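So this first bit is one chain, no partners, the form deposited in one PDB entry, shown in structure tokens.
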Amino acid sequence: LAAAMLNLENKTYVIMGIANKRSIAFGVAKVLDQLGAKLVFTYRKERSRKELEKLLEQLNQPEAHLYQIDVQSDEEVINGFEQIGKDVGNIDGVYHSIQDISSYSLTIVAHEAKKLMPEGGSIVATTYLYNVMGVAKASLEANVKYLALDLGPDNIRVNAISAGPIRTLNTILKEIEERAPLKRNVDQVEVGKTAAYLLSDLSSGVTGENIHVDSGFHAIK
């Protein structure tokens, strides 16, 4: 009704890393699609632009935009974005699907991506859960704080979500099942529901944060 205080009806996101039909970016895509958002799409390698033309058959997306971007590979990211900017224009944010195998990538696209957000934006970046650590969020956390500062001046917010264990995508996570305060795991939707928060206008004065969508398990520590 008047929960237009999200904005997000009509704004355009770039969703990256949306590998098969259980990829989290796929939950994020749907919660988003469902909320009104035009969306754009990056496929990282080959093929799967199929699972996709397919995939998008569940979403009501009246134009259908896909871009092979190998995040691994920089101009692959630069001509992705000027391509997109050519093709559809300005974005309000990009979800991104995250040594820096994956740190740099974020950094790169951050920077590429802002050229499309001239009035400003929101960039979400997710990690998932290998031993450890973390470190590994410490590092992550930090690489988002740095970006926060940078594009803060340009009114682009930058935040991370850290994604707990999700079944449908070591069966000793029966462990979290059983120690995470809510005694269950997360899935994609509940990940991409926080993504909606984060790209949306409600998270208005929030940037450089790491929101753990993980049933409460970080608290175990």
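Rigid core: the largest C-alpha set superposing within 1.5 Å between the two forms. Residues carry their position along the shown sequence, with the first being 1.
One more form of this protein exists, namely the form deposited in another entry; it is left out here, but the text below deals with it.
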**Study point:** Core-superposed comparison between this form and the one not shown: the option from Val77, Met117, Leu151, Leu140 whose CA moves 2 angstroms or more
**Key:** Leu140
Point to revise | Core-superposed C-alpha of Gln34 shifting 2 Å or more between this form and the one not shown | key: no
**Study point:** C-alpha of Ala64 off by 2 Å or more between this form and the one not shown on rigid core
**Key:** yes
Practice item. Classify the change in Cα distance between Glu63 and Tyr67 in the other entry as closer or farther, relative to the shown form (magnitude of 3 Å or more). Key: closer
**Study point:** Sense of the change in Cα distance from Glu177 to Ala136 in the other entry - at least 3 Å versus the shown form
**Key:** farther
